[PDB]
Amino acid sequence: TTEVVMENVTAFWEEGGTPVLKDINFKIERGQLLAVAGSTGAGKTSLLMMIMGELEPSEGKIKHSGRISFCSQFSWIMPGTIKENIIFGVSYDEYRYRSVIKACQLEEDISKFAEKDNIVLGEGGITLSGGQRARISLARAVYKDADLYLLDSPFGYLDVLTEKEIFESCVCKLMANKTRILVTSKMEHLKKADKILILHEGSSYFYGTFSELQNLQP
């Protein structure tokens, strides 16, 4: 039925501090995509942290079940091959790995190296670009089997067309049956999402659909 719910959620990082989230409400059905938008400091990553149990509500209720795969907004690499970085301790399957690689446009990068998927990262040899590290980090999160994918601004350092292509091939097509929360501000992502939550300084600036928002326009 419903995969993730927040109801009247208020939370604080620090006792007696200012609330980081204020009366937040949303629901995601199984297989849907929630886009979470808002300016820096609005509370988007903190919302993800609450779903992951790192931040408890002071008011309100939260529902979520099952395993989570989390993609940080800060890309990271550990010493090892590009294949090891993407599978990252999960069991290996050639078809699944290849599908993720292709959806993240990493096939083109990998094909250029003599060592192919065995190119070694994070050990002083290859220095990856920001966009390469972001696509590897996204691929790692998408390769993991999970009930809920939390993708925190995963398109760092990508030009707008590459971002659009990967949003479509990875988030929309490859992950079509999966419950997804994507922190993103881009118009097409909000338009393709089943629901949109725009945060501003902890509060719900807007919650609904892109179509509902368009209907409010003069």
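Between two forms, the rigid core is the largest collection of C-alphas that superpose within 1.5 Å. Don't overthink the numbering: it's just position in the shown sequence, from 1.
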Next item on the list: Would you mind working out which of 124-132 and 138-146 sits farther from this form in 7 other deposited structures of this protein by RMS C-alpha distance, with the rigid core as the fit?
Entry: 124-132
Notebook entry, point to check: In at least a third of the other entries we lined up, does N8 end up with no coordinates?
Noted result: no
Check: Looking across the other entries that model both neighbours, is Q217 missing in at least a third?
Finding: yes
Check: For the stretches 57-65 and 147-155, which has the higher mean C-alpha B-factor as given in the deposited record?
Finding: 57-65
Checklist line | Greater mean Cα temperature factor according to the PDB record, 7-15 or 205-213 | finding: 7-15
Item checked: Most elevated Cα B-factor in the entry, residues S91, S137, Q73, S99 -> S91
Next item on the list: Using the temperature factors in the entry, find which of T184, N177, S169, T45 has the highest value at its Cα atom.
Entry: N177
Item checked: Chain third (lowest, middle, highest) by recorded CA B-factor, residue given as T127 -> highest
Notebook entry, point to check: According to the PDB entry, is the CA B factor of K83 in the bottom, middle or top third of its chain, that is, lowest, middle or highest?
Noted result: lowest
Note to self: Splitting the chain's C-alpha B-factors into thirds, which one does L197 fall into?
What the structure shows: middle
Next item on the list: Taking the chain's C-alpha temperature factors as the reference, tell me which third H189 falls into: lowest, middle or highest.
Entry: lowest
Notebook entry, point to check: For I77, does the deposited CA B-factor place it in the lowest, middle or highest third of the chain?
Noted result: middle
